[PDB]
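Colleague: Protein sequence lines, in the order shown, are assigned to chains A and B.
The authors' numbering numbers the first residue of the first sequence as 524 and each following residue consecutively.
Numbered according to the authors' numbering, the second sequence spans residues 311 to 343, 355 to 620.
The C-beta atom is built at its ideal place from N, Cα and C for all residues, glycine as well.
This is the structure I have questions about; it appears just below.
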Amino acid sequence: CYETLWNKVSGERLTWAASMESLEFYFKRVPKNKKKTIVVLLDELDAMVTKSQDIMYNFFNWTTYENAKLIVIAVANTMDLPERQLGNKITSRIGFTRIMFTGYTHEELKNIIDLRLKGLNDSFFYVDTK
Amino acid sequence: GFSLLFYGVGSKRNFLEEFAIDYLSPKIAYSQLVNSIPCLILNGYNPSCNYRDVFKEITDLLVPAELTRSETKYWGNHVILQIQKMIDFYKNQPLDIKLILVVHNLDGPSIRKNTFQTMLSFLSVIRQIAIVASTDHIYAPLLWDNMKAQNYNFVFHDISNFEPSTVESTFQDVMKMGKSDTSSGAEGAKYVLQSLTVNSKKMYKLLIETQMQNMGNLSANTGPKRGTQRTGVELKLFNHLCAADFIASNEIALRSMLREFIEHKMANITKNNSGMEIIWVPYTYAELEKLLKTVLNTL
């Protein structure tokens with residue numbers, strides 16, 4: 524993820540140990556007039572943090588910087604994944620919002636299925652019989 | 311060419327380093343005619370005494386010819402195979418003592434192992450280095466067979482002096498009368514924290530608390546598992562943790578106050594299979610939370 528983020532930012536192909544130093548110099552040292560805001564989506568954040576939890580800290584700590592213009596939308600499965608991996612004092616220092624999506628009710632499933640059938644339900648087709 | 315073992319009841323430590331430093335080392339140097358012989362002394366009552374770090378020290382003093390490719394025999398042991406190259410080198414050198422290795426408590430907890438004794442026996446064959454050793458345990462001669470007693474060829478001396486052993490009773494808790502498991506090394510770490518800098522204790526407290534987060538996460542187990550590389554903090558993430566709490570100003574001042582824990586083996590630095598440089602504390606989880614409360618959290 525360090526390689527692919529720094530490649531999308533800069534167009535440069537570096538190794539991962541050179542990409543996180545490239546990103547960390549990018550977010551805290553480079554001025555706000557020279558950069559562009561970056562909205563990165565860390566999708567399925569469970570899979571990145573299973574072995575060493577060094578990867579969830581860096582993306583969240585980069586957002587605490589003043590010069591950084593970084594919005595990490597971190598979508599995962601469980602709600603306690605920040606507090607188990609990082610700890611209590613780190614997840615209070617970052618100060619991120621915390622949304623949970625409850626699974627849909629049965630009346631919400633009906634307004635998904637019948638919403639994808641508005642152009643075809645109760646409608647007329649031309650079928651040839653051969 | 312005799313190695314020289316001292317046994318008896320009482321501490322032999324103040325005897326051994328007064329004989330080897332004050333008497334022995336100036337008088338070999340005068341008899342070889355300027356500087357004295359280097360006297361590598363070796364605290365074997367320390368349960369963290371590693372044989373690869375001792376052999377790292379000896380090759381800095383002798384500077385031997387390191388081991389060619391035909392001599393490294395398909396995952397051969399480079400520590401043993403370089404001593405055997407060193408014996409064949411020093412069988413033709415002039416008979417001059419140029420190192421005095423002084424082993425306190427040759428039957429101590431980490432040094433009574435078979436790989437340590439095999440190192441020191443083959444190293445005792447070299448007549449250019451003089452072994453001065455000591456033993457406390459009463460079944461200590463059970464530790465050398467006919468091959469190791471040949472390479473050592475000790476002459477034994479009884480020095481009973483009824484000394485207290487107040488330095489040997491530091492790596493091992495005396496309030497518990499000796500059931501402190503003797504091989505932890507964390508009780509001897511408790512003594513080291515008591516006289517440090519407050520900025521060096523705030524770092525080590527931060528290192529303990531962050532690894533204590535990783536042991537309770539990864540193990541999912543109350544029982545005593547001793548902390549290894551998986552639970553350790555990596556070094557570049559640790560620099561961000563101690564810059565927010567104002568311990569270290571940069572990477573170099575962090576590495577300068579880490580290495581004082583590395584030389585005492587209270588913290589280890591090694592790299593994983595990706596290049597992450599992990600820093601980790603070699604103690605169990607129960608010894609890590611006891612140490613956090615008794616010396617570190619009083620501020």
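Determine whether the Cβ of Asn-538(B) lies closer than 8 Å to any Cβ atom of chain A.
Modeller: It does; some Cβ of chain A falls within 8 Å.
Colleague: Taking 8 Å as the cut-off, does the segment 602 to 613 of chain A touch the segment 624 to 642 of chain A (at least 3 CB pairs, one atom from each stretch)?
Modeller: Taking 8 Å as the limit for Cβ pairs, the verdict is that the segment 602 to 613 of chain A does not touch the segment 624 to 642 of chain A.
Colleague: Less than 8 Å between C-beta atoms, sequence neighbours within five positions excluded: which residues of the same chain meet that for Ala-569(B)?
Modeller: Within the same chain, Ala-569(B) has close Cβ partners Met-524, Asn-560, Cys-563, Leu-575 and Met-578.
Colleague: How many angstroms separate the CA atom of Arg-323(B) from the CA atom of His-425(B)?
Modeller: Looking at the two C-alpha atoms, the distance is approximately 6 Å.
Colleague: What residue range is occupied by the uninterrupted beta strand (DSSP E) comprising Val-453(B)?
Modeller: Counting along the chain, the beta strand (DSSP E) containing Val-453(B) begins and ends at 450 to 455.
Colleague: Is it true that the CB of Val-563(A) sits closer than 8 Å to the CB of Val-595(A)?
Modeller: Against a cut-off of 8 Å, the Cβ pair of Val-563(A) and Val-595(A) comes out as a contact.
Colleague: Three or more C-beta pairs under 8 Å: does that hold for the segment 486 to 493 of chain B against the segment 316 to 333 of chain B?
Modeller: Counting Cβ pairs under 8 Å, three or more are found: they touch.
Colleague: Given this structure, state the Cα-to-Cα distance separating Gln-414(B) from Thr-552(B), to the nearest angstrom.
Modeller: Taking the straight line from one Cα to the other gives about 49 Å.
Colleague: What are the residues of the segment 562 to 582 of chain A that lie near chain B, defined by any Cβ-Cβ distance shorter than 9 Å?
Modeller: Correct list: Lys-574, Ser-575, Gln-576, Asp-577, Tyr-580 and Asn-581.
Colleague: Spatial neighbours of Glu-567(A) within its chain, please: CB distance less than 6 Å, with the 5 preceding and 5 following residues excluded, ordered by chain position.
Modeller: Cβ neighbours of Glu-567(A) beyond the five flanking positions: none.
Colleague: Could you give the C-beta distance for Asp-577(A) and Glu-555(B), rounded to a whole number, given that I count them as a contact under 8 Å?
Modeller: Going by Cβ atoms, the distance from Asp-577(A) to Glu-555(B) rounds to 5 Å, so yes, they are a contact pair.
Colleague: Using a Cβ cut-off of 8 Å, pull out every chain A residue sitting near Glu-555(B), in sequence order please.
Modeller: Simply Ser-575 and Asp-577.
Colleague: Quick check: is the beta carbon of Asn-584(A) nearer than 8 Å to any beta carbon in chain B?
Modeller: It does; some Cβ of chain B falls within 8 Å.
Colleague: Indicate whether at least one CB of chain A lies closer than 8 Å to the CB of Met-597(B).
Modeller: Taking Cβ atoms only, chain A reaches closer than 8 Å to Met-597(B), which makes this a yes.
Colleague: Which one or two residues does DSSP pair with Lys-592(B) in a beta bridge?
Modeller: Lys-592(B) is bridged to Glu-598(B).
Colleague: Please list, in chain order, the chain B residues whose beta carbon lies closer than 8 Å to that of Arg-607(A).
Modeller: Simply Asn-538.
Colleague: So what's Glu-555(B) in DSSP terms, helix, strand or just coil?
Modeller: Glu-555(B): strand per DSSP, three-state reduction.
Colleague: Anyone know if the C-beta pair for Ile-583(B) and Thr-591(B) falls short of 8 Å?
Modeller: Result no, Cβ atoms of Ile-583(B) and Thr-591(B) do not sit closer than 8 Å.
Colleague: Use the C-beta contact count for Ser-504(B): other C-beta atoms within 10 angstroms, 16 or more gives buried, fewer gives exposed.
Modeller: So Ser-504(B) ends up on the exposed side.
Colleague: Answer with yes or no whether the minimum CB distance from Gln-534(B) to chain A is below 8 Å.
Modeller: Yes, because at least one Cβ of chain A sits closer than 8 Å to the Cβ of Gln-534(B).
Colleague: Going by beta carbon distance, what residues of the same chain come within less than 7 Å of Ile-447(B), once the five residues before and after it are set aside?
Modeller: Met-407, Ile-408 and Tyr-411, listed in sequence order.
Colleague: Taking Cβ to Cβ, would you say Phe-475(B) is nearer than 8 Å to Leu-315(B)?
Modeller: Going by C-beta atoms, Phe-475(B) is nearer than 8 Å to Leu-315(B).
Colleague: With respect to the beta strand (DSSP E) encompassing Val-595(A), which residues constitute its N-terminal and C-terminal limits?
Modeller: Per DSSP, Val-595(A) belongs to the beta strand (DSSP E) from 593 to 598.
Colleague: Would you say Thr-615(B) and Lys-546(B) are within 8 Å of each other, going by their C-beta atoms?
Modeller: For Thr-615(B) and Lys-546(B), no; Cβs fall outside 8 Å.
Colleague: With H, G and I counted as helix, E and B as strand and the rest as coil, what does DSSP make of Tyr-512(B)?
Modeller: Reduced to three states, the DSSP call for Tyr-512(B) is helix.
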